[PDB]
Amino acid sequence: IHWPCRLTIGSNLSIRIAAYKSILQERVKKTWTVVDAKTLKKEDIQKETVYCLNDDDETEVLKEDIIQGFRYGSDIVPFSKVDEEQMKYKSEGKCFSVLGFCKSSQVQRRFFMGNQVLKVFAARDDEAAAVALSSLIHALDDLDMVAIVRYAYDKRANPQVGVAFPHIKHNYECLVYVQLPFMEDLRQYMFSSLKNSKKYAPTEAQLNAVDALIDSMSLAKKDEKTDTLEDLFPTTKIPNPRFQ
Amino acid sequence: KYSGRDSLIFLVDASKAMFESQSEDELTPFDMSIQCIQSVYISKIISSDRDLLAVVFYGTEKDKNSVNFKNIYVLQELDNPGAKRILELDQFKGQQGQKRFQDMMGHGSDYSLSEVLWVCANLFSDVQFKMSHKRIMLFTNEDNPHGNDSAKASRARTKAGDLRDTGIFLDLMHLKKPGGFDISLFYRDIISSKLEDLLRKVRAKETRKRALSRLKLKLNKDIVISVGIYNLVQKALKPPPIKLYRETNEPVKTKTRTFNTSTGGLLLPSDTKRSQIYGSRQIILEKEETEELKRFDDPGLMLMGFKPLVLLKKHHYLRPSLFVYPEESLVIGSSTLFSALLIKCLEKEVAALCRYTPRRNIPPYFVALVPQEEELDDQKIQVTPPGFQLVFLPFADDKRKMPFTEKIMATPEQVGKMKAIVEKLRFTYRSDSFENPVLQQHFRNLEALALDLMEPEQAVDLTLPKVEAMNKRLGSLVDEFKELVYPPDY
Amino acid sequence: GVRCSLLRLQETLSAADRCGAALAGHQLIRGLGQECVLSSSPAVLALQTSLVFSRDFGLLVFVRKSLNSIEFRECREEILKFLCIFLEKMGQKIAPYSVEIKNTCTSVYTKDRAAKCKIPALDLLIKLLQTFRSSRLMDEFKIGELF
DNA sequence: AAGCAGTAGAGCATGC
DNA sequence: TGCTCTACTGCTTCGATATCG
DNA sequence: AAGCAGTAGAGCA
DNA sequence: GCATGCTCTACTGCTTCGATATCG
């Protein structure tokens with residue numbers, strides 16, 4: 001589905017933009033309908049639940065009694081929902097805005113942390129905006145300069161920070177959006193060091209055993225007289241075995 | 001230990017001039033200490049909500065303690081951070097609180113000596129649990145409190161030494177009687193100013209540590225190694241919404257059943273089957289059948305080749321990335337094989353390729369193990385631990401197809417302008433501090449019910465752009481970058 | 001000995017700071033289990049089969065008054081372990097003193113949560129319906145609900 | 001997974 | 001036939017519910 | 001469970 | 001003669017709780 005949005009820098013760099021998705025987790029669409037045996041029709045199930053405050057001999061109540069209570073400190077605090085629907089966070093609209101930049105490419109691989117990747121492509125339809133965006137990525141190409149971009153799908157989704165990697169390829173010049181952690185979603189914890197460890201250092205014949213295992217189990221070597229790499233077993237082209 | 005808890009005793013010196021305004025109409029140190037104590041409680045009641053937190057004022061006129069001394073008043077006891085404790089304690093704010101503390105306990109006396117540390121030791125000794133941290137937060141401003149009697153000084157340093165012996169440590173958070181840190185006095189005998197940690201910096205965090213899976217990597221068929229698969233970036237979110245009865249103010253304890261088979265009655269797990277429809281024909285199966293059709297292998301990691309770190313593009317990712325470490329429940333030496341494998345995989349820049357089945361019945365999944373060497377420094381900047389790291393890899397219908405058949409070239413009159421623009425906007429990244437607006441305002445909004453002060457409290461969000469400070473910082477080249485080559489011109 | 005310990009259990013209930021009440025409950029029930037069993041005479045046994053069952057101060061009343069709690073398990077559970085052997089240390093001098101035992105065990109099973117407080121208190125009811133395979137009382141236990 | 005708690009049951013010493 | 005209110009509709013986002021180490 | 005922007009059914013001219 | 005009494009440790013399970021798949 002064609003995604004129309006609008007990128008901004010500062011006051012007014014309003015680039016009309018197209019976004020599309022890319023690699024993501026695949027899910028199977030059909031569901032297991034629970035039927036009853038010996039009839040082969042569905043309608044013989046009418047599930048119920050009762051919000052039964054027993055805590056005693058059993059008292060079974062109707063719906064209209066339920067306050068959504070939260071937990072605080074050592075107790076339960078009331079006030080269910082229309083008040084939280086009022087005093088929630090106002091999300092003020094979607095955005096594909098730019099927060100800042102960094103010449104130092106210091107967003108590294110072990111912090112990406114989303115479940116999708118978003119190819120933000122270009123404009124369409126009188127593509128002065130798209131040639132401006134290709135100029136932007138053709139400025140971001142020459143050095144390792146990264147771009148921190150703030151996203152929202154809609155009013156519903158929480159806003160998020162992410163990195164916009166540039167993508168300089170043959171028939172397409174695109175940018176790809178990945179997510180980023182907020183500072184509740186990290187944790188650092190001390191693990192023991194293995195270089196200056198006076199107990200668990202190996203031997204060199206053990207090291208060469210490892211190297212023989214590697215060079216006999218290697219899958220990527222250069223050949224075909226121009227020494228570009230050929231890889232055995234490329235683990236990307238497999239069809240999915242689960243739905244098969 | 002894993003189920004270990006920490007402990008903190010707030011010892012307040014409200015004696016002579018700390019209860020005075022210091023003849024200064026600028027700030028009052030009693031209200032400053034009670035504000036700092038309220039900030040500590042009001043953060044750790046959602047940050048780390050299981051430690052032990054006590055409040056004890058000394059130098060008071062009355063006394064309340066289980067050895068029955070004088071001038072020493074314990075107020076609360078070692079327990080959780082509680083809404084009752086903070087709603088009780090905030091009655092000592094301001095001059096109204098100064099007068100209420102005056103009439104409630106009074107102020108000013110010849111305060112204690114070693115005996116208050118004796119009260120702290122008899123407060124810690126009662127607790128039958130596993131104390132891991134033993135700290136005392138002292139809020140005082142005088143720095144020679146017994147500067148006329150040396151016997152009390154010698155007995156106080158003796159009793160502080162015997163509190164240091166058993167494992168109690170105090171950090172006196174200095175109030176500002178001279179404002180600047182000019183009291184370069186001789187208080188080195190007891191100890192092991194800056195208040196900003198106690199003030200602001202931790203409104204939405206948590207503390208936890210688990211291991212999430214303990215699996216084994218098999219190389220050929222017989223060479224097995226044991227690895228704990230830790231998780232290090234976890235996506236915290238808001239707690240579950242407990243259900244509650246209206247009148248009696250209690251949980252509801254729901255229950256669930258299934259009936260009405262065109263007869264009514266009541267059912268069991270066995271009478272009903274699973275099913276699907278595909279256009280015209282219907283399939284029926286059992287629950288074990290639909291749970292056994294996704295059954296491949298056994299839990300663990302399976303070595304399926306090797307590759308150096310050049311084919312994988314970081315265009316390719318699917319989920320967060322875990323972190324595998326050499327645990328100690330196979331043999332004393334799996335650490336050594338992992339250390340050798342670490343050294344060789346790092347120096348020849350090669351990365352492992354494996355199949356990975358997470359638990360007892362899940363389809364298998366291809367991962368790639370990338371090594372990581374630790375980084376520490378002089379002052380122990382332990383930023384990385386040494387060990388291996390998973391990266392996931394997609395299969396088939398992950399990668400979709402774009403429209404993608406568009407390729408237009410621009411003109412190189414914009415690249416220097418954009419280089420100047422991105423050098424104008426350049427800031428060195430971050431280390432922390434990009435906190436969550438939704439969870440943050442939910443924390444504040446829940447503060448404003450059981451603490452019910454006025455309204456939703458402060459709700460700044462450090463993820464908005466500031467266009468007003470962007471325009472002047474950039475300058476008037478927005479128009480020339482907008483229309484140097486290209487007019488929209490409607 | 002007994003009824004003095006029962007009012008010591010009543011003041012164990014009605015006191016404050018409910019952790020010393022837990023120590024006193026556990027040690028008083030496991031001391032009562034000793035002070036009952038050093039009998040060999042018919043006299044105190046014939047007295048005990050009505051001494052353990054009363055309405056104003058009693059073991060049923062003590063179980064039900066401390067049942068709305070997440071605190072007291074290793075005492076009430078010891079009482080319920082001890083009544084399963086009350087049914088075997090004594091024979092059928094409990095013959096009308098058992099319908100309230102049925103409702104006691106059904107209440108303590110369907111209101112408490114821990115499994116170690118649902119294994120002895122369902123050993124007991126099965127032992128009771130085992131030993132009373134005699135003529136009466138099978139209509140007097142409400143089977144049409146207990147099923 | 002992280003920890004606790006019970007105890008079943010096979011292994012130490014003396015009995016109609 | 002030429003224009004627009006509106007009556008869907010596949011199509012995605014999220015929020016709550018057992019499942020399990 | 002709760003929006004959401006293309007796709008059309010038919011009022012209006 | 002096997003009939004009893006007595007004692008310490010590995011196999012089973014309990015409970016909290018954090019994560020994960022999955023439904024709506």
# chains A, B, ... in the order shown; residues from 1 in each chain; ligands from 1

$ interface_residues --of "chain G" --to "chain A" --cutoff "12 Å" --atoms "only C-alpha atoms (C1' of nucleotides)" --output "PyMOL selection string"
chain G and resi 21-23

$ residues_around --residues "region 3-5 of chain F" --least-positions-apart "3" --cutoff "12 Å" --atoms "only C-alpha atoms (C1' of nucleotides)" --output "ChimeraX atom specification"
/A:1-4,153-157 /E:8-14

$ atom_distance --atom1 "CA of residue 100 (chain A)" --atom2 "CA of residue 171 (chain A)"
28.7 Å

$ interface_residues --of "chain C" --to "chain G" --cutoff "10 Å" --atoms "only C-alpha atoms (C1' of nucleotides)" --output "PyMOL selection string"
chain C and resi 114-116

$ write_last_selection --atoms "C-alpha atoms" --output "JSON list (two decimals), in the first residue's frame"
[["chain", "number", "residue", "atom", "x", "y", "z"],
["C", 114, "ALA", "CA", -2.16, -22.87, 48.25],
["C", 115, "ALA", "CA", -1.98, -26.52, 47.27],
["C", 116, "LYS", "CA", -0.33, -27.63, 50.51]]

$ closest_atom_pairs --of "chain B" --to "chain A" --cutoff "6 Å" --atoms "only C-alpha atoms" --output "tab-separated table"
residue	atom	partner	partner_atom	distance
B:45	CA	A:73	CA	5.3
B:82	CA	A:73	CA	5.5
B:205	CA	A:184	CA	5.6
B:233	CA	A:186	CA	4.9
B:234	CA	A:185	CA	5.5
B:235	CA	A:185	CA	4.8
B:236	CA	A:185	CA	5.7
B:241	CA	A:70	CA	5.6
B:242	CA	A:69	CA	5.1
B:243	CA	A:68	CA	4.9
B:244	CA	A:67	CA	5.1
B:245	CA	A:66	CA	5.3
B:246	CA	A:65	CA	5.3
B:252	CA	A:53	CA	4.7
B:253	CA	A:53	CA	5.7
B:254	CA	A:51	CA	4.2
B:255	CA	A:49	CA	5.5
B:256	CA	A:49	CA	4.1
B:257	CA	A:48	CA	5.6
B:258	CA	A:47	CA	4.3
B:259	CA	A:46	CA	5.7
B:260	CA	A:46	CA	5.5
B:261	CA	A:44	CA	4.0
B:262	CA	A:44	CA	5.6
B:271	CA	A:37	CA	6.0
B:272	CA	A:36	CA	4.0
B:273	CA	A:35	CA	5.6
B:274	CA	A:34	CA	4.7
B:275	CA	A:33	CA	5.0
B:276	CA	A:32	CA	5.7
B:305	CA	A:217	CA	5.5
B:306	CA	A:218	CA	4.8
B:307	CA	A:219	CA	5.8
B:318	CA	A:115	CA	5.9
B:319	CA	A:115	CA	5.2
B:320	CA	A:113	CA	4.7
B:336	CA	A:200	CA	5.0
B:385	CA	A:191	CA	5.6
B:395	CA	A:236	CA	5.4
B:396	CA	A:239	CA	4.9
B:398	CA	A:23	CA	4.4
B:399	CA	A:23	CA	4.2
B:400	CA	A:22	CA	5.8
B:407	CA	A:171	CA	5.6
B:410	CA	A:131	CA	5.1
B:415	CA	A:139	CA	5.1
B:425	CA	A:101	CA	5.9
B:426	CA	A:102	CA	5.2
B:427	CA	A:102	CA	5.8
B:433	CA	A:183	CA	5.7
B:434	CA	A:183	CA	5.5
B:435	CA	A:183	CA	5.0
B:438	CA	A:89	CA	5.9
B:465	CA	A:99	CA	5.5
B:467	CA	A:10	CA	5.3
B:470	CA	A:10	CA	5.4
B:471	CA	A:10	CA	6.0
